[PDB]
Amino acid sequence: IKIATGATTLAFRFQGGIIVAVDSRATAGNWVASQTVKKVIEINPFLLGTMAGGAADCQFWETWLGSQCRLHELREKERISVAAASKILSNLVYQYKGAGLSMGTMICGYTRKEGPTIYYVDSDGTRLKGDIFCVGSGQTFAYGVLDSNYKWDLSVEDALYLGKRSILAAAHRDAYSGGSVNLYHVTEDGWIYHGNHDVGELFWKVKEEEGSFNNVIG
Amino acid sequence: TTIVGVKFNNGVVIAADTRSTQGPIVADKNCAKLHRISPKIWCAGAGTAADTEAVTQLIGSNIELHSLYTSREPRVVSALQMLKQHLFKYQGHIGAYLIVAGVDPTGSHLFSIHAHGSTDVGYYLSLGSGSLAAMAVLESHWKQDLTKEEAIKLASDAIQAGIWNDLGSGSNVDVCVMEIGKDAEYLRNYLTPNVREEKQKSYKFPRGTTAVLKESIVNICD
Amino acid sequence: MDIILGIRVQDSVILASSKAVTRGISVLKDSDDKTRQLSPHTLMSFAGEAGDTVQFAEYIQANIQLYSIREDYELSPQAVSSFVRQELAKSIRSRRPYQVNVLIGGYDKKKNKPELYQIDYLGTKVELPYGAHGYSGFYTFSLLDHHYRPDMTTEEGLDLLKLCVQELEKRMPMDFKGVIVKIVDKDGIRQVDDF
Amino acid sequence: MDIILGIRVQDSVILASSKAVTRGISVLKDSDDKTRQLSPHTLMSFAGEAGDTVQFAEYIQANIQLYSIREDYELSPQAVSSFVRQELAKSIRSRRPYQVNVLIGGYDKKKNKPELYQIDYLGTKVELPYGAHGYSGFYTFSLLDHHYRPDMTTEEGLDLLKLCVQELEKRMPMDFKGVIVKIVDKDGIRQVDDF
Amino acid sequence: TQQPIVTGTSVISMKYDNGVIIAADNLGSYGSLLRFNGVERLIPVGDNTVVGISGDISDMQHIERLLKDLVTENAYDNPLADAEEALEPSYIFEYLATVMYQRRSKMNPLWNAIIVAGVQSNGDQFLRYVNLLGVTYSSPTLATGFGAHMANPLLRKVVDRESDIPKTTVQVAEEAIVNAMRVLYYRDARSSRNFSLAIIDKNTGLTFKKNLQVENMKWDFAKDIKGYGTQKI
Amino acid sequence: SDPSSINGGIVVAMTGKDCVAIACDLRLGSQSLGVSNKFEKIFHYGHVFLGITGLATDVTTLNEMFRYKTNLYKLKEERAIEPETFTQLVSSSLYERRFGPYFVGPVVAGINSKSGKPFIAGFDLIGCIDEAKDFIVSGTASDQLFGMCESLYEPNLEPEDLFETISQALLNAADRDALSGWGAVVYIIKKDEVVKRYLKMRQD
Amino acid sequence: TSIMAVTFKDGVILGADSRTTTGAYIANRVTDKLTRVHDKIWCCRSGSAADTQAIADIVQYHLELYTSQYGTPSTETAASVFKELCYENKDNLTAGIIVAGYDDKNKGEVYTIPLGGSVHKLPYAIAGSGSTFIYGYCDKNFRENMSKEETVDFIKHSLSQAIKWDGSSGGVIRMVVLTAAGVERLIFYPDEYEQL
Amino acid sequence: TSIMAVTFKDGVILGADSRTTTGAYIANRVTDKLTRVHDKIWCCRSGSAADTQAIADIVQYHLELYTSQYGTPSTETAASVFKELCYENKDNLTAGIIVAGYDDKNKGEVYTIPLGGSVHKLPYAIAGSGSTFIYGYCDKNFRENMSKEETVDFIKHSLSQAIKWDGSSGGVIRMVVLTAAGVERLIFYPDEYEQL
Amino acid sequence: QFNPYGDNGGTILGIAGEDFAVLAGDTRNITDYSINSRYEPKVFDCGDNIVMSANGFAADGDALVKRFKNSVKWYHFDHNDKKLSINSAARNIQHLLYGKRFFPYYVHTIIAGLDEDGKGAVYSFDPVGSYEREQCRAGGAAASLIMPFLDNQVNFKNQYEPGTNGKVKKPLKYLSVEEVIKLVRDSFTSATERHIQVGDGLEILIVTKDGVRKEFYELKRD
Ligand SMILES: *[C@@](C)(CO)[C@](*)(O)[C@H](CC(C)C)NC(=O)[C@H](Cc1ccccc1)NC(=O)[C@H](CC(C)C)NC(=O)[C@H](CCc1ccccc1)NC(=O)CN1CCOCC1
Ligand SMILES: *[C@@](C)(CO)[C@](*)(O)[C@H](CC(C)C)NC(=O)[C@H](Cc1ccccc1)NC(=O)[C@H](CC(C)C)NC(=O)[C@H](CCc1ccccc1)NC(=O)CN1CCOCC1
Ligand SMILES: *[C@@](C)(CO)[C@](*)(O)[C@H](CC(C)C)NC(=O)[C@H](Cc1ccccc1)NC(=O)[C@H](CC(C)C)NC(=O)[C@H](CCc1ccccc1)NC(=O)CN1CCOCC1
Ligand SMILES: [Cl-]
Ligand SMILES: [Cl-]
Ligand SMILES: [Mg+2]
Ligand SMILES: [Mg+2]
Ligand SMILES: [Mg+2]
Ligand SMILES: [Mg+2]
């Protein structure tokens with residue numbers, strides 16, 4: 001079978017919380033299986049997870065994670081920390097290490113004691129706290145736009161555009177990334193969905209309005 | 001592919017299906033696998049498509065030059081000998097599996113050639129992925145002293161067995177009849193039992209459906 | 001194995017090439033010039049298999065210089081790029097192919113236009129506004145795709161390039177010890193000493 | 001992968017560990033702390049296979065902290081190092097071994113002496129005046145062999161270390177994004193913020 | 001993980017208007033050696049089912065033992081064991097198919113290809129295939145091994161689809177099967193002349209024919225064949 | 001390391017009423033990395049058109065080779081080469097490299113100047129000719145193109161209608177292939193006029 | 001394949017089955033494995049059908065050219081030409097050939113040429129995959145200076161058993177008789193030899 | 001190995017060579033391959049010496065325990081125990097065994113058990129590497145209801161040929177006769193059987 | 001070495017309408033170049049207005065369907081005959097597939113039915129349990145041939161409003177059951193022409209609030 005598919009996912013911390021942005025394409029070799037894949041997993045109203053590597057592995061275990069988080073707050077009468085939620089997942093995949101799980105995800109949340117927090121969790125056991133993360137076949141293209149334009153004091157509007165523009169950059173260059181862009185804004189009171197954006201229409205729109213992509217005739 | 005050859009009273013007949021594959025994909029639904037080596041010597045080809053066409057054209061060319069040099073009509077055994085020695089030299093790397101048949105001053109003949117250069121003689125033969133399906137029919141219905149019309153029927157029935165039961169074979173049935181004292185008659189699309197049914201809907205688009213960025217006149221003249 | 005970049009702007013072509021030469025776990029040199037002048041208005045940068053790179057670049061250089069003497073005339077960048085492509089196209093089906101990727105930056109004096117050609121070791125030629133070889137493109141193209149304008153000046157091109165090198169220095173795993181930058185324009189070839 | 005160094009001087013142990021975390025062709029982080037405090041006067045740095053490193057370090061940390069609570073007493077660096085060695089010695093013959101190399105820097109309060117232990121993933125323990133894991137030793141040991149004196153101060157030790165990091169930054173192929181330095185002495189563990 | 005040692009070749013079968021026919025040769029091959037000649041590969045279960053098996057003979061003998069034990073077990077505490085609660089072909093097939101798939105899922109297969117032919121209690125014809133992979137399918141004609149390549153084409157000329165079954169008599173169907181067994185003897189290098197044939201009819205019941213031989217063969221034309229091309233003598 | 005799917009690309013050709021059409025995408029990449037969106041895969045020698053997919057270096061090399069051979073043909077024959085003859089030349093040239101082949105999928109298209117008959121043909125990498133009445137496909141999205149063409153195509157289409165059919169066949173096939181797209185070009189070929197149109201498509 | 005050649009009082013007889021296989025499929029059930037390289041020098045072919053045909057064709061060419069210059073070649077000479085081809089191209093050939101011929105001086109002679117390309121002159125020879133099963137039978141039943149009818153029965157019974165046990169052998173039993181009288185072709189069908 | 005078992009009028013006779021090899025070295029030239037699992041149920045062993053010994057020892061244990069509880073076991077029962085071991089451990093065994101026994105009701109019986117672990121009841125059986133060379137001879141010469149002396153000659157001549165052609169067979173020919181009279185051991189030396 | 005997997009060919013297709021949903025599949029079963037059956041159904045009514053097909057390796061496909069049908073049965077026992085919603089069935093199937101993550105069912109699964117608002121629903125699964133709801137999905141051997149055609153005709157991709165300079169897209173709308181069946185039939189007749197593993201017959205299962213209806217159509221048998 002083929003679990004090794006392409007993607008571009010990102011998540012970054014800023015003044016107003018966390019932005020999460022992903023592409024929508026799934027490929028089996030050169031064959032484009034889907035253009036409408038949901039690569040952001042809604043763990044619960046306060047926590048998000050990104051899909052990269054194995055689609056099933058990410059779906060199954062990040063849904064499972066939501067079940068563990070619900071049990072935590074039922075027993076402790078308190079919201080689970082992002083640190084604790086991420087570690088439940090990382091410890092779990094570490095047990096399966098060597099078996100062949102394929103996972104590269106960002107666990108994103110905003111709590112009182114922590115603030116906006118992102119943990120990169122990975123199928124070989126890695127668990128990293130950080131400000132900016134990009135994962136997938138098109139991660140390099142997205143990093144370039146992120147690094148050069150990122151500031152902590154970004155507005156919510158500008159931060160949403162930056163995440164959208166970074167995915168577009170990858171979708172354009174990386175063959176295994178594209179379809180559409182899904183945006184999310186994570187606040188202390190929960191995440192907010194900021195729509196699905198077709199890359200076909202989005203590209204031409206950004207080209208005209210921004211003046212970028214002069215190499216492309218339109 | 002499915003290809004066959006059948007001897008009869010006053011000559012020989014060969015036949016073939018018309019499917020050409022590229023993996024599991026049908027590349028050509030109506031390709032010609034019957035090749036002319038000389039006017040009265042014809043060849044059915046299975047295996048690597050380029051190799052069967054290339055090897056049959058090369059030997060056909062050399063047969064023509066030989067016929068002109070000797071002031072004689074070419075013989076099937078000459079084509080057989082030239083083909084097998086060519087194929088043997090390339091140790092099977094030229095993937096041509098052929099049924100060679102024809103009439104000449106010596107009489108009527110039917111042979112098969114394999115990629116590695118081995119030849120066989122027979123009254124009925126079959127090659128290709130559907131050869132087992134075809135051979136099953138030939139072994140069931142063949143007899144000595146076949147007429148022209150009986151041999152065509154048997155040959156086409158053998159190809160049909162391949163068409164229906166072998167996924168490698170399909171579409172139509174080509175035939176070539178080589179009778180002694182007569183011109184060889186090539187019967188292209190002798191049977192067409194796989195006609196595509198009428199489509200449910202027309203997919204003719206309204207004009208202007210396709211978005212266009214630039215138009216320009218191309219200069220083909222000098 | 002390294003960083004060769006190229007940017008074609010309004011009136012010039014800019015080539016940037018990494019200075020590091022690594023063998024095993026040791027950086028043997030940090031001031032290596034990965035380029036050869038083929039003609040007064042044509043420059044070629046290169047990257048790939050050790051030994052093959054310089055051997056190929058100098059072989060091309062010799063052939064172009066021979067042509068210049070014979071005809072008392074400079075070949076156009078397009079003509080040079082086609083010659084280079086054909087040599088690599090021959091090479092790929094040889095007993096031992098040249099594993100060399102090149103960028104050819106030149107200024108066409110007849111057209112009064114800068115030209116940048118990207119040719120990989122297979123003999124795959126493309127004319128581009130900006131180009132790269134290896135992993136370098138994976139980082140910089142999104143930046144160039146965004147910030148690059150066709151009417152930029154040489155100074156604007158150098159700033160755009162700095163931005164690319166900064167992104168490479170931030171996100172690339174290996175230390176490539178900075179870059180040597182060279183400009184090709186109507187007045188010929190010159191090196192930027194402070195980068 | 002990478003750079004963990006250790007130097008034992010007169011009155012303290014200094015550990016230096018690289019900040020880079022690389023996965024594929026991308027530096028994911030440049031501020032990673034590759035160490036855990038096992039006890040108030042014992043520090044362990046680590047390097048090796050991804051995931052295994054942190055999982056192992058935290059497992060050891062938990063066991064030593066458990067001991068401290070149970071006995072209301074701090075284990076000596078020698079005792080901690082022996083415990084760590086045994087865990088790795090068990091691990092190497094397991095179904096899936098911990099591929100982790102560690103340095104253990106500690107100050108023994110009973111002896112009033114600093115102690116540095118080097119333990120590889122096989123469970124190979126050695127007490128040393130200075131130590132390293134991976135390719136780091138191939139560069140720095142000749143420097144330490146030369147400049148290291150047993151009666152050095154903490155400040156002299158930090159200068160000797162700077163010299164090592166400089167040689168690594170010059171000759172090593174990969175960019176390891178500098179080092180986090182920590183000192184272990186009679187007063188406990190503290191971090192040098194400006195290095 | 002196995003490799004087959006002593007093997008049995010093609011099993012062929014088809015439906016006709018009132019029942020089913022199944023046949024298989026009596027050979028147990030040991031690679032290229034035609035070692036055993038008295039091997040029965042058709043095994044009746046009750047008076048309404050016949051299981052035809054190809055592939056590894058040691059695994060076939062194991063399946064024989066399972067089917068024999070199945071009949072015994074079904075008779076336990078069952079007053080209607082020879083009537084309403086007798087073993088059906090569909091019951092026997094599903095049991096085998098369960099076993100074959102379980103064994104492939106433990107990476108220790110029964111190296112066989114099996115065809116279960118019979119008539120149900122309501123008169124319906126039953127014909128289904130199962131193999132070492134647990135793969136199952138049904139068709140008006142079914143065959144294993146070389147039979148799939150050579151017999152099916154001949155049997156499908158008689159019964160090409162479902163509507164051809166009522167139009168096919170037992171005389172015509174048996175003739176086609178016997179003809180197919182001759183063709184396999186001509187063209188399969190691991191086949192024998194001797195074979196067994198079984199008919200399960202909804203009216204006349206189970207008829208089991210042993211020690212049949214391929215006959216009416218065409219070999220005379222061989223004398224006229226000389227050399228491999230040019231040779232005249 | 002599969003030469004035919006490193007650079008990516010597609011070509012499709014169709015026949016209509018007294019006309020032919022040939023179309024190609026503009027992408028050139030290095031596996032996942034898109035490198036150029038101006039890499040045209042269709043060339044012409046006189047009134048004969050040749051599309052080539054596969055390994056880009058061989059695409060370039062073969063174009064230069066057939067330009068070479070058709071220029072000499074014209075000088076000696078004192079006339080432009082016809083599609084049927086050119087098809088045989090392509091086949092011969094490819095089979096000459098039978099045991100060290102060019103990794104390509106060429107497609108010939110054109111109208112015979114004498115008879116006026118529309119002609120298309122396709123080849124495999126070693127020169128086997130695939131002649132067709134209806135359509136020919138080639139490239140990394142050949143499966144997708146076969147599916148579109150087999151459903152969308154109908155005989156005797158007028159040039160303006162044929163344009164829409166071939167354009168839609170190419171566009172929708174290219175969007176289900178990662179290694180194809182990034183622009184497209186369509187040639188509409190009549191007896192004595194040729195129109196070339198660039199299509200607007202999604203750039204991902 | 002099952003092939004054999006047997007010398008007797010009046011000359012020599014070659015024998016063979018008629019089966020040609022591709023794996024377990026019988027590509028030809030009426031094959032002629034007894035092939036003429038000269039008027040009264042024949043050979044039995046086993047191994048690769050392509051290799052043995054190519055070899056026999058070359059030998060026939062060499063012996064035809066020999067005859068034009070030096071007159072009728074000996075059976076030993078024919079075996080030497082076979083050997084030369086089989087030995088010098090041993091790395092690229094799979095051919096087990098038995099050479100049999102009739103001289104007036106030397107009478108019936110049999111030479112066998114295995115895979116390696118060695119030559120062995122024998123009273124009788126057996127070869128091919130099916131020969132393994134009749135080494136015991138042939139050794140016990142062979143006698144020198146047999147009659148024509150005895151030799152025909154010996155070959156018939158021997159190849160009958162070889163065919164019975166070997167899946168790679170079958171069809172008809174072809175035979176070629178080489179004597180001073182001339183060349184006689186014989187054939188025996190399944191219905192006869194199977195029930196021996 | 002060359003082994004065989006043959007039923008006849010008065011019972012059954014087992015036969016075997018005495019060679020044990022390690023590659024081309026003969027580790028034992030006087031091996032006893034005919035082994036007792038019960039008073040009048042014996043077996044011929046071929047394949048791995050270790051595997052066949054381990055199997056025979058287990059079968060002897062099972063049949064001894066059977067006899068203590070249920071009385072004398074049948075030859076079919078003995079063959080079933082062999083089969084069970086050979087079939088269930090087919091992945092780890094290399095054993096070709098022929099089981100032979102004498103009942104008063106059933107008389108002489110022979111069962112053969114090849115590599116796979118299948119069971120085949122036969123009038124006579126041959127097995128081992130050397131058996132290949134005598135399939136033809138044994139098929140032509142075997143008759144049902146032979147006398148003791150005829151059966152001894154049949155086995156002697158058969159194994160003589162198997163030994164002659166098979167390098168992996170040789171030494172002495174051991175035989176064990178199973179009848180109502182009792183159990184008789186026979187041996188035949190090279191000087192006798194070679195010149196048959 | 002023993003290979004526990006096989007390829008039984010075939011292709012399937014699921015489309016969702018406004019108040020209905022269809023799940024189609026060809027009836028041909030194959031191994032290599034042989035036809036095992038011309039009519040072997042692989043689209044099943046599983047109860048609770050859920051239709052299901054698991055295409056690829058038929059042994060794994062039958063096992064999965066059999067386990068899901070059983071899952072539906074026990075859902076009724078354990079939860080007071082509650083109707084299993086299509087979304088609940090989908091999640092349950094994920095757990096069936098992922099339960100064998102390290103020895104997968106070699107199948108592409110598609111289910112169809114109506115959601116809890118009465119609207120048409122189609123869900124598709126990869127071999128290890130990742131799933132997604134879609135309007136349109138083709139699976140199996142000829143998926144690559146059919147799917148881009150659906151994108152164009154169902155979701156109107158690459159189609160712009162005539163005269164609008166490619167600025168205004170063609171508007172999305174629900175299709176009738178009659179129009180959907182037309183697309184299904186044309187999809188399969190096209191795939192039959194160009195894919196060797198597709199043919200013989202076409203069986204469609206239509207799901208409305210009234211129940212599950214069946215339709216059968218002949219396909220080319222070559
Ligand atoms: C029946 C239909 C199948 O056995 C017949 O035997 C026919 C015989 C007729 C056409 C003469 N055989 C084929 O159609 C034959 C099957 C085949 C395929 C591959 C190897 C051997 C036999 N098909 C072909 O030869 C096609 C002809 C095309 C459709 C015009 N050619 C290919 O499939 C080539 C194979 C070329 C080849 C090179 C070296 C050694 C052997 C064969 N393959 C491709 O084009 C695949 N690929 C496409 C992307 O570009 C790179 C190559
Ligand atoms: C008996 C059968 C064995 O001793 C005889 O020796 C006869 C001799 C007669 C024909 C003169 N031998 C064969 O029939 C011979 C068996 C054989 C096979 C392979 C190598 C050596 C001997 N059969 C052949 O030579 C056939 C004849 C064809 C069907 C007309 N050829 C093949 O089987 C080719 C040979 C390729 C080859 C392999 C190794 C060395 C030389 C040539 N093989 C295939 O076609 C492979 N086949 C493809 C389909 O997949 C199954 C394998
Ligand atoms: C004839 C010889 C063949 O049919 C008989 O079957 C006899 C049967 C008698 C002894 C009951 N078989 C043997 O003599 C038998 C031949 C054999 C060899 C290997 C596998 C199967 C059969 N010989 C043996 O079993 C010897 C007996 C020793 C010398 C006492 N054992 C070996 O040859 C061992 C066996 C190891 C083994 C391999 C595979 C499966 C099971 C066991 N092999 C070696 O010692 C290897 N030897 C080491 C030195 O380098 C050369 C190889
Ligand atoms: Cl032959
Ligand atoms: Cl022993
Ligand atoms: Mg893309
Ligand atoms: Mg695309
Ligand atoms: Mg036989
Ligand atoms: Mg079809």
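Hydrogens, waters and symmetry mates play no part in the numbers below; they use all other heavy atoms, side chains included. Residue numbering restarts at 1 for every chain, and letters A, B, ... go by the order of the sequence lines.
- Neither the backbone nor the side chain of B/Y123 comes within contact range of chain G, judged by heavy atoms closer than 4.5 Å.
- More than 12 heavy-atom neighbours from other residues, nucleotides or ligands sit within 6.0 angstrom of CD on B/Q200.
- Within a 6.0 Å sphere centred on CZ of B/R72, other residues, nucleotides and ligands contribute 12 heavy atoms or fewer.
- For G/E64, the CD atom counts as loosely surrounded, since its 6.0 Å shell holds 12 or fewer non-hydrogen atoms of other residues, nucleotides or ligands.
- When all heavy atoms are compared, the tightest approach of B/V121 to G/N28 is O-ND2, 4.4 Å.
- Distance CD/B/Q85 to CD/G/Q53: 11.5 Å, rounded to 0.5 Å.
- Heavy-atom neighbours of G/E76 CD from other residues, nucleotides or ligands within 6.0 Å: at or below the threshold of 12.
- Both the backbone and the side chain of G/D51 come within contact range of chain B, each with at least one heavy atom under 4.5 Å from a heavy atom of that chain.
- With rounding to the nearest 0.5 angstrom, the CG atom of G/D57 is 7.5 Å from the OG1 atom of B/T119.
- Within a 6.0 Å radius of NE2 in B/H86, more than 12 heavy atoms belonging to other residues, nucleotides or ligands are found.
- Nearest heavy atom pair, residue G/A50 against residue B/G117, reads CB-C, 4.0 Å.
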